[PDB]
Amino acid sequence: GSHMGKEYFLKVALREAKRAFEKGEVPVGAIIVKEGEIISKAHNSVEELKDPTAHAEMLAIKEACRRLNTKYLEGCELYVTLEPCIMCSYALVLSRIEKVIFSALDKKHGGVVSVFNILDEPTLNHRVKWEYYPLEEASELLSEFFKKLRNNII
């Protein structure tokens, strides 16, 4: 088959971020993969669900747990278009995700390499591995979103 590595799965996540952008949401997409199979896909849906916690990662985790009928996502990898925020980073620990791969950094809310290094905190019983795999399109989606925000505010 064709190459289904990190760029491929992040590209799939980018489609979810695109969908979010089209829906007027902050453009972040996430997918959960287990043994090369996509288990769930989700996008930031804060605006449509009127729920500040409805970040892509959170929705993806809930759907994966629902499909696998399990509270833990051991052996699963999460691919997200933007570095997970503090809330989502700890959700990864709680769900026991194996690894998270992200394509852009979040300087003000990131909980992996930016504001806090939540995933590397010693006290943690389960250790979520991570990888920053930058993709130009992920950052451009965010930059375009903020240009739209400015234009929509007098």
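Sequential numbering from 1, following the sequence displayed.
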Completion exercise
Comparing mean C-alpha B factor in the record for 81-89 and 124-132, the higher one is 124-132
Fill in the blank from the handout: Ranked by mean Cα B-factor in the entry, 56-64 and 103-111, top stretch is 103-111
Handout entry: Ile32 - which third its CA temperature factor falls in, relative to the rest of the chain
Key = lowest
Fill in the blank from the handout: By the entry's values, the third containing the CA B factor of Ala42 is the lowest
Handout entry: For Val26, the third of its chain into which the C-alpha B factor falls
Key = lowest
